[PDB]
Amino acid sequence: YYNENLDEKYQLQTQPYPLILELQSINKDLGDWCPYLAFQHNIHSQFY
Amino acid sequence: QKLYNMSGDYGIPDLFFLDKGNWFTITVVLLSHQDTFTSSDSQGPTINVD
Amino acid sequence: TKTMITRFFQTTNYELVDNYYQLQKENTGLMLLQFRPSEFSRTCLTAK
Amino acid sequence: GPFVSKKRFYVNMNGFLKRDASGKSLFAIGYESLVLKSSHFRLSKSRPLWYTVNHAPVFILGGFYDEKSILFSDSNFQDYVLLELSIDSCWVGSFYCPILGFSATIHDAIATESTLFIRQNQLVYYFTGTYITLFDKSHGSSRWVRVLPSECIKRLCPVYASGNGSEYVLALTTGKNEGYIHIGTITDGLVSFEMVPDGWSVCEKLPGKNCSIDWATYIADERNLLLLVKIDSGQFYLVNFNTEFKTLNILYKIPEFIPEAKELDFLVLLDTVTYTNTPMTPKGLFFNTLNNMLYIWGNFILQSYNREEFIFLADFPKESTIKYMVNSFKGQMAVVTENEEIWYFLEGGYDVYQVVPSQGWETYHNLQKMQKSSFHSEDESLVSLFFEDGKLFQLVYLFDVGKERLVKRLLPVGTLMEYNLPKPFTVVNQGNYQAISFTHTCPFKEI
Amino acid sequence: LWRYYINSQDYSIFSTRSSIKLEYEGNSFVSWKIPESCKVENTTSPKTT
Amino acid sequence: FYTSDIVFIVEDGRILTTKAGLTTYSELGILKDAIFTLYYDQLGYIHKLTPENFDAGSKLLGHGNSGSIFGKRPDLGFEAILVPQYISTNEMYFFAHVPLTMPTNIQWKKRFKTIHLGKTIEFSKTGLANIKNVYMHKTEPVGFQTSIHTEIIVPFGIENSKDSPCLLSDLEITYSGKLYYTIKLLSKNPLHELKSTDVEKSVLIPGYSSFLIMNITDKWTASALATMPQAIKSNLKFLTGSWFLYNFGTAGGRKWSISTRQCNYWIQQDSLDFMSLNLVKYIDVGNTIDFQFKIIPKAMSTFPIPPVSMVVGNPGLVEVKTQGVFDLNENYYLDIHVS
Amino acid sequence: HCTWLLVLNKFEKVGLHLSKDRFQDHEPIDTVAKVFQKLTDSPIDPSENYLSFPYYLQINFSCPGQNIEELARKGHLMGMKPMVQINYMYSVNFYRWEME
Amino acid sequence: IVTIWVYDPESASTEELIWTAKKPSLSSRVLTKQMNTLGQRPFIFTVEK
Ligand SMILES: *[C@@H]1O[C@H](CO)[C@@H](O[C@@H]2O[C@H](CO)[C@@H](O[C@@H]3O[C@H](CO)[C@@H](O)[C@H](O)[C@@H]3O)[C@H](O)[C@H]2NC(C)=O)[C@H](O)[C@H]1NC(C)=O
Ligand SMILES: *[C@@H]1O[C@H](CO)[C@@H](O)[C@H](O)[C@H]1NC(C)=O
Ligand SMILES: *[C@@H]1O[C@H](CO)[C@@H](O)[C@H](O)[C@H]1NC(C)=O
């Protein structure tokens, strides 16, 4: 959040956003689900 | 006589003796419940069990 | 449970051939791979 | 053939016997001229069983009502005997220490390997048995030898472990040498006591006009000596004395009031806490050198990993005071209070479970009484309890008519924990009907 | 318009020992509505835990 | 000798069965014929012999079953009141109710006997348990003389709210005068009440004693007897959804039965020349013979106790050395050397 | 169910008494040489010297509902034999004895 | 040079939560040495190599 007319110490205030929890609340309202239990691999890198 | 290798009692031993760099290992096999893990546990390359 | 193991290799022999440097150049370069499940939807948090 | 369960017995060497002129075996420590009555156990309370852990061949239990008798047992109380001691019962008390009411009972019976110590009315006696597979024949004693003749002993404390091939005992004094305690060494059948804190008393290096020692544990490893000190006002200090060096350092200051925690199970005693109004009463301490664990007990349970930060285990109620505690040295601990109620602690968590007054004990007691057992009666009085290879035994007295007798008996804590019936459950729907399905509390099915 | 804050940016810490700060902005406000499992400190205030 | 079965024919036509070495028995069935005899052939099948009647069995399997001739396996349970009680999550007590002021000579109709040891108890609603011990106690608990310690497999069906409307209320159990127990319904709604058909029912709460509702003295008050009444010493109070009703009574039709269980053990033998059920082995002087068996348990297994008891007929001419170990999946391996 | 019973006997009172004798002798005694002089067809050389411990361990078992003697008779007649394992504990003085 | 200590988000200071702290607080220090007594030590593991 940005707002002028303040004491110069609060003109830029940062607040987190728990997107995962909001998405899970929406999904509980809706009722979708993941088709697989798990998907594992061993690609621990990006450039081989 | 004196027994050196026997098929006696098994299981864990009570007491261990170590001498300058020797080691030992144990294996714990855990049998989990029916639905302990859900699909939210698969976040990356391995499911976290902690 | 389905478990897949895949191996990447080349099968070229460079003995007794002509244009060794040209053949070497023709079998070099970059390529990109990605791994993903068959069908997936929301509520599935797997980074591909 | 038929199946008979595996059993373990102890066949240890008795060293306190002798033979008369007719060739009949007698006891060297006392006369077997007393017959067990039911008035021995009707009013007495339970007492601890003190011995060196894996090395004592003889078990002795003292603390009867008004007699100089002890319960003597070779083996592990599979059989016992009641010996009236041969103590001269002389009196040498005078004004040098305060005079208290005489009591012919035997207090603080300790049985170290090859030597057993007793206390009776501020006097300490020891007897050294003759063992040939341990040491020389001439080291054994012919009668009870009185140690510390010029000192008035208020308490005797045990050392469970052993270091440098020797055993140790502790004596806390009163009247004279208030800040000093005595450390007694047993080596090869020879005992010798030492005035440990040297010339200066420990009250000088500690706040208050004068100080009193209440309890002590001697760590033979590291040569440390941890001790509880009360001061003139009433605050308690846990302090440490080194034996190799001659130094002394304050380790902790016990709070006056217990901390409060409405729903927390463990509380780290920081410098910012909230106190209740009821006072604290530290009674004793216990050090385990296998896991470097320190316990302070009394009206509470304090647990320390190092000797700097302490944890209050809040499951123990503040209205119960721990009379004593025993340890299996394998991760389990039994706490016995003054109402004869028993609690169980496991070192892997932070919970203390009541076992003896409980539903599981009621179910187990009823099931034993309906299987026509011979160890269980409707009227019983706990005499003592101890550990044996990880199994918690208790020696108890059965008061029922026709079978008034002292028996040792298992206390299976796993069965009691399984039989504790009030547990979470759900009214599940199965087979187009309903059922009581108990929710699983363990995190894993099998190991 | 209301929201909730938690003390950790990581959500692999989020469990039953965490605290959730509920904040409401608006002219009209009566109370909070929670299940019987959860408790709220000072259930009439707009900024609560 | 094949299948090691034993059958006794007792007058009134009952047939008792067992296997050799076993210390229990079952009841195969009944047969009211005038003259008959029973015959086991080489393969283990059982025949009934009568003039112009050589019957082999209605249903025939691959192996030599001993109950082919009988139609349906009999119910081994009697007609009495069974009051249950939890002792753990998977263990249960059933108490048998002998009524008061009733004759001594006819007592045996309302008691658990030794036949029921090793059987299973089944409920018509749902549920199934296996009997593992039978206790007799004629004096200390009043109204109950025998009980069975069983292990729960399928966790039984509880009583509905439509058939019994007292469940939607708060209970209060107080000690009555001589030995009864007054059960009062705190909620005085005239919709709930206590119906007259709710007699000979068991009210239980998991964690306390169970009660058998014997008399109804009011529209919201019953009088009941208590199983193990020695652990109350107080007054009790419960909530709406914390206590449950069970109908194990004989009124309106008894709905519980006792019958034999299915096979629970497998014996694996990978070595040939030992697969026969009958074996004769010779040994000369000095020479020894050894054999090894595997036991796979299909159900809960005896972990400390080995599941095989072995006896030797004449031990004075033979020397038998046995080794036996368990496993993780609870398989049991044993080997025997004989000289 | 059925449980073991173990008692201590003297060397000269093996069958005469079934009561308890206490562990009072800590040296081995030499009343066994005459028996070993008669083992002429056994691999017992006269040069080696034998002498016995005092005391025996006497074992039976008891199981409720039956008496001890017929239980022992049945156990013998069915092939049963007790197996005994003795473990010794080392002393505190490791400066005079070894830890083994 | 990196300095590492352990902290609990429920009972840490306000500075340790906005990533502005320079010295561990009382709770963080006590928890850190209690974890060290049980034998816990951190290490930094590079990802690309
Ligand atoms: C099975 O073993 C037990 C012990 O290992 C035997 O029990 C013991 O039997 C003897 C009988 O000779 C009992 O001795 C009696 O002692 C009293 C008092 O000392 C004495 O007055 C009697 O004259 C007699 O000597 C002994 O008390 C008893 N011990 C126990 C613990 O019960 C038992 O006899 C053995 N069974 C068989 C069939 O041999
Ligand atoms: C010495 O300390 C004890 C308590 O340890 C106290 O009772 C006594 O009054 C003290 N002596 C003096 C002179 O204050
Ligand atoms: C109590 O039970 C007896 C015996 O069946 C019966 O005669 C009596 O009427 C009952 N009384 C009540 C109030 O149910």
# chains A, B, ... in the order shown; residues from 1 in each chain; ligands from 1
>>> select_by_dssp(residues="chain G", states="alpha helix (DSSP H)", output="PyMOL selection string")
chain G and resi 33-37+68-77
>>> write_last_selection(atoms="N, CA and C atoms", output="compact mmCIF listing (two decimals), in the first residue's frame")
# COMPACT_ATOMS: atom_id res chain seq x y z
N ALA G 33 35.97 -87.31 42.53
CA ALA G 33 37.07 -88.03 41.90
C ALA G 33 36.82 -89.54 41.84
N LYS G 34 36.20 -90.10 42.87
CA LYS G 34 35.92 -91.53 42.90
C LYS G 34 34.98 -91.94 41.78
N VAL G 35 34.01 -91.09 41.46
CA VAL G 35 33.09 -91.38 40.36
C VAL G 35 33.82 -91.35 39.03
N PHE G 36 34.80 -90.47 38.88
CA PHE G 36 35.55 -90.37 37.63
C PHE G 36 36.63 -91.43 37.50
N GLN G 37 37.00 -92.11 38.59
CA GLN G 37 37.92 -93.23 38.47
C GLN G 37 37.30 -94.44 37.79
N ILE G 68 1.65 -80.86 41.45
CA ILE G 68 2.96 -80.69 40.83
C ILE G 68 3.50 -82.02 40.32
N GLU G 69 3.32 -83.10 41.09
CA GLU G 69 4.00 -84.36 40.77
C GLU G 69 3.46 -84.98 39.49
N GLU G 70 2.14 -84.97 39.30
CA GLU G 70 1.61 -85.54 38.07
C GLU G 70 1.90 -84.65 36.88
N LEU G 71 2.03 -83.34 37.10
CA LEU G 71 2.44 -82.45 36.03
C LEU G 71 3.86 -82.76 35.58
N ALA G 72 4.76 -82.99 36.53
CA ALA G 72 6.13 -83.33 36.18
C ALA G 72 6.21 -84.69 35.49
N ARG G 73 5.41 -85.65 35.96
CA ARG G 73 5.35 -86.95 35.31
C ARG G 73 4.87 -86.82 33.87
N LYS G 74 3.86 -86.00 33.63
CA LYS G 74 3.36 -85.80 32.27
C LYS G 74 4.38 -85.08 31.40
N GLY G 75 5.08 -84.10 31.96
CA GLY G 75 6.11 -83.41 31.20
C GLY G 75 7.24 -84.32 30.79
N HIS G 76 7.66 -85.21 31.70
CA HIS G 76 8.66 -86.21 31.35
C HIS G 76 8.14 -87.18 30.30
N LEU G 77 6.90 -87.63 30.44
CA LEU G 77 6.34 -88.60 29.51
C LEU G 77 6.01 -88.02 28.15
>>> residues_around(residues="stretch 18-30 of chain E", least_positions_apart="4", cutoff="6 Å", atoms="only C-alpha atoms", output="NGL selection string")
:E and (2-6 or 46-49)
>>> write_last_selection(atoms="C-alpha atoms", output="PDB file, in the first residue's frame")
ATOM      1  CA  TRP E   2     -12.311  -8.311   6.837  1.00  0.00           C
ATOM      2  CA  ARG E   3      -9.042 -10.222   6.733  1.00  0.00           C
ATOM      3  CA  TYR E   4      -6.675 -12.353   8.793  1.00  0.00           C
ATOM      4  CA  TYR E   5      -2.935 -12.344   9.435  1.00  0.00           C
ATOM      5  CA  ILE E   6      -0.535 -15.018  10.656  1.00  0.00           C
ATOM      6  CA  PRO E  46     -12.927  -5.878  15.674  1.00  0.00           C
ATOM      7  CA  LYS E  47      -9.206  -6.645  16.132  1.00  0.00           C
ATOM      8  CA  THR E  48      -8.917 -10.004  17.865  1.00  0.00           C
ATOM      9  CA  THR E  49      -6.850 -13.176  18.108  1.00  0.00           C
TER      10      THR E  49
END
>>> residues_near_ligand(ligand="ligand 3", cutoff="6 Å", atoms="only C-alpha atoms and all ligand atoms", output="PyMOL selection string")
chain F and resi 215-217
>>> residues_around(residues="stretch 94-98 of chain G", least_positions_apart="6", cutoff="12 Å", atoms="only C-alpha atoms", output="number ranges by chain")
D: 133-136, 162-166, 187-188
>>> write_last_selection(atoms="C-alpha atoms", output="tab-separated table (two decimals), in the first residue's frame")
chain	number	residue	atom	x	y	z
D	133	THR	CA	35.07	-64.47	44.88
D	134	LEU	CA	35.44	-60.70	45.39
D	135	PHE	CA	38.18	-59.91	47.92
D	136	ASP	CA	40.13	-61.23	50.90
D	162	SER	CA	29.85	-46.36	40.69
D	163	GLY	CA	33.11	-44.85	39.49
D	164	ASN	CA	36.81	-45.74	39.64
D	165	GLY	CA	35.93	-49.22	40.89
D	166	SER	CA	34.35	-48.08	44.15
D	187	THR	CA	36.76	-50.01	48.12
D	188	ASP	CA	37.34	-53.79	48.35
>>> residues_around(residues="residue D:195", least_positions_apart="5", cutoff="10 Å", atoms="only C-alpha atoms", output="PyMOL selection string")
chain D and resi 171+177+180-184
>>> write_last_selection(atoms="N, CA, C and O atoms", output="PDB file, in the first residue's frame")
ATOM      1  N   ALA D 171      26.195 -38.638  53.612  1.00  0.00           N
ATOM      2  CA  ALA D 171      25.602 -38.384  54.916  1.00  0.00           C
ATOM      3  C   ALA D 171      25.436 -36.886  55.098  1.00  0.00           C
ATOM      4  O   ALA D 171      26.419 -36.139  55.050  1.00  0.00           O
ATOM      5  N   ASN D 177      28.314 -28.977  62.027  1.00  0.00           N
ATOM      6  CA  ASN D 177      28.742 -28.980  60.631  1.00  0.00           C
ATOM      7  C   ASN D 177      27.536 -28.880  59.696  1.00  0.00           C
ATOM      8  O   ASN D 177      27.244 -29.780  58.908  1.00  0.00           O
ATOM      9  N   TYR D 180      28.397 -28.648  55.950  1.00  0.00           N
ATOM     10  CA  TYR D 180      29.219 -29.742  55.462  1.00  0.00           C
ATOM     11  C   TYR D 180      28.400 -31.022  55.330  1.00  0.00           C
ATOM     12  O   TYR D 180      27.417 -31.228  56.044  1.00  0.00           O
ATOM     13  N   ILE D 181      28.818 -31.885  54.404  1.00  0.00           N
ATOM     14  CA  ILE D 181      28.297 -33.239  54.287  1.00  0.00           C
ATOM     15  C   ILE D 181      29.479 -34.200  54.202  1.00  0.00           C
ATOM     16  O   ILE D 181      30.621 -33.795  54.007  1.00  0.00           O
ATOM     17  N   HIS D 182      29.196 -35.488  54.380  1.00  0.00           N
ATOM     18  CA  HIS D 182      30.224 -36.521  54.394  1.00  0.00           C
ATOM     19  C   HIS D 182      30.047 -37.443  53.200  1.00  0.00           C
ATOM     20  O   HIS D 182      28.931 -37.899  52.926  1.00  0.00           O
ATOM     21  N   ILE D 183      31.143 -37.725  52.502  1.00  0.00           N
ATOM     22  CA  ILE D 183      31.136 -38.659  51.382  1.00  0.00           C
ATOM     23  C   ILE D 183      31.925 -39.886  51.798  1.00  0.00           C
ATOM     24  O   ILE D 183      33.094 -39.778  52.180  1.00  0.00           O
ATOM     25  N   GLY D 184      31.293 -41.052  51.730  1.00  0.00           N
ATOM     26  CA  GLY D 184      31.900 -42.293  52.168  1.00  0.00           C
ATOM     27  C   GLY D 184      32.215 -43.182  50.978  1.00  0.00           C
ATOM     28  O   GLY D 184      31.344 -43.457  50.152  1.00  0.00           O
TER      29      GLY D 184
END
>>> residues_near_ligand(ligand="ligand 2", cutoff="9 Å", atoms="only C-alpha atoms and all ligand atoms", output="list in words")
residues 178, 208, 209, 210, 211, 212, 213, 229, 230, 231, 232, 233 and 234 of chain D
>>> interface_residues(of="chain B", to="chain F", cutoff="12 Å", atoms="only C-alpha atoms", output="PDB file with N, CA and C atoms, in the first residue's frame")
ATOM      1  N   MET B   6      25.847 -68.583  16.515  1.00  0.00           N
ATOM      2  CA  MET B   6      24.666 -69.345  16.887  1.00  0.00           C
ATOM      3  C   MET B   6      23.418 -68.645  16.377  1.00  0.00           C
ATOM      4  N   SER B   7      22.374 -69.435  16.151  1.00  0.00           N
ATOM      5  CA  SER B   7      21.052 -68.905  15.821  1.00  0.00           C
ATOM      6  C   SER B   7      20.205 -68.739  17.078  1.00  0.00           C
ATOM      7  N   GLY B   8      20.753 -68.029  18.062  1.00  0.00           N
ATOM      8  CA  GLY B   8      20.084 -67.854  19.334  1.00  0.00           C
ATOM      9  C   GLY B   8      19.005 -66.792  19.305  1.00  0.00           C
ATOM     10  N   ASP B   9      18.934 -65.987  20.360  1.00  0.00           N
ATOM     11  CA  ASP B   9      17.939 -64.929  20.431  1.00  0.00           C
ATOM     12  C   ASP B   9      18.216 -63.857  19.384  1.00  0.00           C
ATOM     13  N   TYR B  10      17.147 -63.237  18.907  1.00  0.00           N
ATOM     14  CA  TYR B  10      17.222 -62.164  17.928  1.00  0.00           C
ATOM     15  C   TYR B  10      16.559 -60.915  18.507  1.00  0.00           C
ATOM     16  N   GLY B  11      16.409 -59.900  17.669  1.00  0.00           N
ATOM     17  CA  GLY B  11      15.903 -58.623  18.122  1.00  0.00           C
ATOM     18  C   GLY B  11      17.023 -57.659  18.450  1.00  0.00           C
ATOM     19  N   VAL B  28      14.384 -49.152  10.735  1.00  0.00           N
ATOM     20  CA  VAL B  28      13.034 -49.096  11.274  1.00  0.00           C
ATOM     21  C   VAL B  28      12.084 -49.086  10.088  1.00  0.00           C
ATOM     22  N   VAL B  29      11.334 -50.165   9.922  1.00  0.00           N
ATOM     23  CA  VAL B  29      10.302 -50.234   8.904  1.00  0.00           C
ATOM     24  C   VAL B  29       9.006 -49.816   9.570  1.00  0.00           C
ATOM     25  N   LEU B  30       8.360 -48.785   9.047  1.00  0.00           N
ATOM     26  CA  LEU B  30       7.108 -48.300   9.599  1.00  0.00           C
ATOM     27  C   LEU B  30       5.992 -48.671   8.647  1.00  0.00           C
ATOM     28  N   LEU B  31       4.929 -49.235   9.191  1.00  0.00           N
ATOM     29  CA  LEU B  31       3.711 -49.493   8.451  1.00  0.00           C
ATOM     30  C   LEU B  31       2.714 -48.409   8.829  1.00  0.00           C
TER      31      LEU B  31
END
>>> closest_atom_pairs(of="stretch 21-42 of chain A", to="stretch 36-41 of chain C", cutoff="9 Å", atoms="only C-alpha atoms", output="Markdown table")
| residue | atom | partner | partner_atom | distance |
| --- | --- | --- | --- | --- |
| A:32 | CA | C:41 | CA | 8.5 |
| A:33 | CA | C:41 | CA | 7.9 |
| A:34 | CA | C:41 | CA | 6.6 |
| A:35 | CA | C:40 | CA | 6.7 |
| A:36 | CA | C:40 | CA | 8.1 |
| A:39 | CA | C:37 | CA | 7.5 |
>>> write_last_selection(atoms="N, CA, C and O atoms", output="PDB file, in the first residue's frame")
ATOM      1  N   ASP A  32     -13.741 -29.133  -5.810  1.00  0.00           N
ATOM      2  CA  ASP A  32     -12.793 -29.792  -6.697  1.00  0.00           C
ATOM      3  C   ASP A  32     -11.746 -30.550  -5.879  1.00  0.00           C
ATOM      4  O   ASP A  32     -11.597 -30.347  -4.673  1.00  0.00           O
ATOM      5  N   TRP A  33     -11.011 -31.434  -6.552  1.00  0.00           N
ATOM      6  CA  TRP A  33     -10.040 -32.274  -5.862  1.00  0.00           C
ATOM      7  C   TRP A  33      -8.975 -32.741  -6.844  1.00  0.00           C
ATOM      8  O   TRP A  33      -9.198 -32.793  -8.054  1.00  0.00           O
ATOM      9  N   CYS A  34      -7.812 -33.089  -6.292  1.00  0.00           N
ATOM     10  CA  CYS A  34      -6.655 -33.513  -7.078  1.00  0.00           C
ATOM     11  C   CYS A  34      -6.810 -34.968  -7.501  1.00  0.00           C
ATOM     12  O   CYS A  34      -7.087 -35.825  -6.657  1.00  0.00           O
ATOM     13  N   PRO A  35      -6.642 -35.287  -8.787  1.00  0.00           N
ATOM     14  CA  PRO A  35      -6.871 -36.668  -9.233  1.00  0.00           C
ATOM     15  C   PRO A  35      -5.795 -37.657  -8.818  1.00  0.00           C
ATOM     16  O   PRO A  35      -6.051 -38.863  -8.874  1.00  0.00           O
ATOM     17  N   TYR A  36      -4.613 -37.211  -8.412  1.00  0.00           N
ATOM     18  CA  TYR A  36      -3.548 -38.123  -8.019  1.00  0.00           C
ATOM     19  C   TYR A  36      -3.121 -37.857  -6.585  1.00  0.00           C
ATOM     20  O   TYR A  36      -3.178 -36.725  -6.103  1.00  0.00           O
ATOM     21  N   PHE A  39       3.041 -37.276  -7.038  1.00  0.00           N
ATOM     22  CA  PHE A  39       3.876 -37.352  -8.232  1.00  0.00           C
ATOM     23  C   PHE A  39       5.281 -36.938  -7.829  1.00  0.00           C
ATOM     24  O   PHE A  39       5.526 -35.758  -7.573  1.00  0.00           O
TER      25      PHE A  39
END
>>> residues_near_ligand(ligand="ligand 1", cutoff="8 Å", atoms="only C-alpha atoms and all ligand atoms", output="PyMOL selection string")
chain G and resi 5-8+17-20+58-62+67-70+72
>>> closest_atom_pairs(of="chain D", to="chain H", cutoff="8 Å", atoms="only C-alpha atoms", output="tab-separated table")
residue	atom	partner	partner_atom	distance
D:270	CA	H:27	CA	8.0
D:305	CA	H:37	CA	7.3
D:306	CA	H:37	CA	6.9
D:309	CA	H:30	CA	7.4
>>> atom_distance(atom1="atom CA of residue E:10", atom2="atom CA of residue H:18")
12.9 Å
>>> select_by_dssp(residues="stretch 16-98 of chain G", states="strand (DSSP E)", output="PyMOL selection string")
chain G and resi 56-62
>>> write_last_selection(atoms="N, CA and C atoms", output="PDB file, in the first residue's frame")
ATOM      1  N   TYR G  56      23.040 -77.695  43.821  1.00  0.00           N
ATOM      2  CA  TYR G  56      22.348 -77.923  42.568  1.00  0.00           C
ATOM      3  C   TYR G  56      21.168 -76.967  42.474  1.00  0.00           C
ATOM      4  N   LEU G  57      20.729 -76.710  41.253  1.00  0.00           N
ATOM      5  CA  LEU G  57      19.454 -76.067  40.999  1.00  0.00           C
ATOM      6  C   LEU G  57      18.429 -77.162  40.756  1.00  0.00           C
ATOM      7  N   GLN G  58      17.350 -77.142  41.535  1.00  0.00           N
ATOM      8  CA  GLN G  58      16.249 -78.084  41.411  1.00  0.00           C
ATOM      9  C   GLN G  58      15.029 -77.342  40.892  1.00  0.00           C
ATOM     10  N   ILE G  59      14.413 -77.888  39.848  1.00  0.00           N
ATOM     11  CA  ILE G  59      13.355 -77.227  39.103  1.00  0.00           C
ATOM     12  C   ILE G  59      12.157 -78.159  39.024  1.00  0.00           C
ATOM     13  N   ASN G  60      10.969 -77.606  39.270  1.00  0.00           N
ATOM     14  CA  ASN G  60       9.729 -78.193  38.778  1.00  0.00           C
ATOM     15  C   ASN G  60       8.854 -77.062  38.253  1.00  0.00           C
ATOM     16  N   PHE G  61       7.611 -77.378  37.902  1.00  0.00           N
ATOM     17  CA  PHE G  61       6.668 -76.342  37.511  1.00  0.00           C
ATOM     18  C   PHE G  61       5.323 -76.646  38.144  1.00  0.00           C
ATOM     19  N   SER G  62       4.531 -75.602  38.340  1.00  0.00           N
ATOM     20  CA  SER G  62       3.206 -75.732  38.922  1.00  0.00           C
ATOM     21  C   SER G  62       2.217 -74.973  38.063  1.00  0.00           C
TER      22      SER G  62
END
>>> residues_around(residues="residue D:267", least_positions_apart="4", cutoff="9 Å", atoms="only C-alpha atoms", output="JSON, numbers by chain")
{"D": [259, 260, 261, 310, 311, 312, 313, 314]}
>>> write_last_selection(atoms="N, CA, C and O atoms", output="PDB file, in the first residue's frame")
ATOM      1  N   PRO D 259       4.949 -21.851  38.723  1.00  0.00           N
ATOM      2  CA  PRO D 259       4.417 -21.114  37.577  1.00  0.00           C
ATOM      3  C   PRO D 259       3.050 -21.641  37.183  1.00  0.00           C
ATOM      4  O   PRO D 259       2.631 -22.729  37.583  1.00  0.00           O
ATOM      5  N   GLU D 260       2.349 -20.850  36.379  1.00  0.00           N
ATOM      6  CA  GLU D 260       0.999 -21.180  35.952  1.00  0.00           C
ATOM      7  C   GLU D 260       0.967 -21.469  34.458  1.00  0.00           C
ATOM      8  O   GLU D 260       1.680 -20.834  33.675  1.00  0.00           O
ATOM      9  N   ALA D 261       0.146 -22.446  34.077  1.00  0.00           N
ATOM     10  CA  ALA D 261      -0.066 -22.780  32.671  1.00  0.00           C
ATOM     11  C   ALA D 261      -1.423 -23.462  32.577  1.00  0.00           C
ATOM     12  O   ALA D 261      -1.583 -24.582  33.073  1.00  0.00           O
ATOM     13  N   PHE D 310      15.626 -24.950  32.552  1.00  0.00           N
ATOM     14  CA  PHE D 310      14.785 -25.924  33.223  1.00  0.00           C
ATOM     15  C   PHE D 310      13.377 -25.898  32.654  1.00  0.00           C
ATOM     16  O   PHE D 310      12.897 -24.862  32.194  1.00  0.00           O
ATOM     17  N   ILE D 311      12.712 -27.047  32.706  1.00  0.00           N
ATOM     18  CA  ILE D 311      11.380 -27.231  32.154  1.00  0.00           C
ATOM     19  C   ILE D 311      10.459 -27.712  33.265  1.00  0.00           C
ATOM     20  O   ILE D 311      10.769 -28.688  33.957  1.00  0.00           O
ATOM     21  N   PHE D 312       9.333 -27.030  33.429  1.00  0.00           N
ATOM     22  CA  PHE D 312       8.291 -27.420  34.364  1.00  0.00           C
ATOM     23  C   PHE D 312       7.321 -28.329  33.628  1.00  0.00           C
ATOM     24  O   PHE D 312       6.755 -27.926  32.603  1.00  0.00           O
ATOM     25  N   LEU D 313       7.144 -29.552  34.127  1.00  0.00           N
ATOM     26  CA  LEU D 313       6.211 -30.492  33.514  1.00  0.00           C
ATOM     27  C   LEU D 313       4.864 -30.362  34.218  1.00  0.00           C
ATOM     28  O   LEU D 313       4.680 -30.878  35.324  1.00  0.00           O
ATOM     29  N   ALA D 314       3.917 -29.694  33.566  1.00  0.00           N
ATOM     30  CA  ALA D 314       2.720 -29.185  34.221  1.00  0.00           C
ATOM     31  C   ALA D 314       1.616 -30.221  34.392  1.00  0.00           C
ATOM     32  O   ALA D 314       0.567 -29.888  34.950  1.00  0.00           O
TER      33      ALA D 314
END
>>> closest_atom_pairs(of="chain A", to="chain C", cutoff="12 Å", atoms="only C-alpha atoms", output="Markdown table")
| residue | atom | partner | partner_atom | distance |
| --- | --- | --- | --- | --- |
| A:20 | CA | C:43 | CA | 9.5 |
| A:21 | CA | C:43 | CA | 11.2 |
| A:22 | CA | C:43 | CA | 11.9 |
| A:23 | CA | C:43 | CA | 8.4 |
| A:24 | CA | C:43 | CA | 7.7 |
| A:25 | CA | C:43 | CA | 11.1 |
| A:26 | CA | C:43 | CA | 10.5 |
| A:27 | CA | C:43 | CA | 7.8 |
| A:28 | CA | C:43 | CA | 10.4 |
| A:30 | CA | C:43 | CA | 11.3 |
| A:31 | CA | C:43 | CA | 9.9 |
| A:32 | CA | C:43 | CA | 7.1 |
| A:33 | CA | C:43 | CA | 5.8 |
| A:34 | CA | C:44 | CA | 5.3 |
| A:35 | CA | C:40 | CA | 6.7 |
| A:36 | CA | C:40 | CA | 8.1 |
| A:37 | CA | C:44 | CA | 9.3 |
| A:38 | CA | C:46 | CA | 8.7 |
| A:39 | CA | C:37 | CA | 7.5 |
| A:40 | CA | C:46 | CA | 9.1 |
| A:41 | CA | C:35 | CA | 8.7 |
| A:42 | CA | C:5 | CA | 10.4 |
| A:43 | CA | C:35 | CA | 9.2 |
| A:44 | CA | C:48 | CA | 11.9 |
| A:45 | CA | C:33 | CA | 12.0 |
| A:46 | CA | C:32 | CA | 9.6 |
| A:47 | CA | C:32 | CA | 9.3 |
| A:48 | CA | C:32 | CA | 10.1 |
>>> atom_distance(atom1="atom CA of residue F:252", atom2="atom CA of residue F:172")
27.8 Å
